[PDB]
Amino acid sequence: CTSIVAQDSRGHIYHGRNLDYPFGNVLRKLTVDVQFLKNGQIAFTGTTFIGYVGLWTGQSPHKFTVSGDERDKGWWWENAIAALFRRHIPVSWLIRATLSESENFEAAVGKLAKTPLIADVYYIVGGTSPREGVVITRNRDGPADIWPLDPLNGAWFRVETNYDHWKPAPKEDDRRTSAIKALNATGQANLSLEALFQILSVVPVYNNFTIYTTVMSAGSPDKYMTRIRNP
């Protein structure tokens, strides 16, 4: 997977992600955008596969955007014990709980970073005000690292694939470099959801296993868009 949170020259936050998984020929058909309604009003939007209630991609209107990437760390008995005896919750259910409950961006970052999880994950969160973009590298108990944007010092985007950002990326599966090269070439002034879709369309950021690309900006909630790839 690949998730991107970035900020333009105008202080707006954009968020996009590719969800990579095998079995595309069957799951592409099942992709849906779901608007979850509370009392007739859209409480939050999410993208899932019909039959799967957890959200790996979601948006709270005018509050924040969330997407989660896979982090392979630990052994099966850690997930089993964390789920059975330590009463941690699933990774994609916390994303949805955050979209439904958290009142603002800073509150979602705290809920996503500190709530115990059955497995590791990378949470990418985008907000509405400037600087509101972060990569939360998660452990089962808490956050292993918190990596916010730094526009004033030039770091106007964060790219997260499936590896710890402070270590080098495997040369065998190096989609991070392509995303950054595409972001470096786009530029902060030209940044937009359309431009974010073009970046997430770069090979191998968009690869054989990509099922869908979602782009979103909580500050402009109506532009939420999921596109299914090479059906």
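Sequential numbering from 1, following the sequence displayed.
**Q** Taking only the CA atoms, which stretch has the higher mean B-factor in the record, 22-30 or 196-204?
**A** Stretch with the higher mean C-alpha B-factor: 22-30.
**Q** If you average the CA temperature factors over each stretch, which comes out higher, 72-80 or 157-165?
**A** Stretch with the greater average CA B-factor: 72-80.
**Q** Looking at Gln59, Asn184, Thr47, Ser178, which has the biggest Cα B factor in the entry?
**A** The C-alpha B-factor peaks, among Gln59, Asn184, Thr47, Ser178, at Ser178.
**Q** So where's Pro130 on the chain's Cα temperature factor ranking, which third?
**A** Highest third, going by the recorded CA B-factors of the chain.
**Q** State the tercile, meaning the lowest, middle or highest third, of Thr115 with respect to the CA B-factors recorded for its chain.
**A** Bottom third by C-alpha B-factor.
**Q** For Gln188, does the deposited CA B-factor place it in the lowest, middle or highest third of the chain?
**A** Middle third - that is where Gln188 ends up once the chain's C-alpha B-factors are sorted.
**Q** Lowest, middle or highest third: where is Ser92 by C-alpha B factor in its chain?
**A** Bottom third by C-alpha B-factor.
**Q** Lowest, middle or highest third: where is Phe209 by Cα B-factor in its chain?
**A** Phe209: CA B-factor falls in the highest third of its chain.
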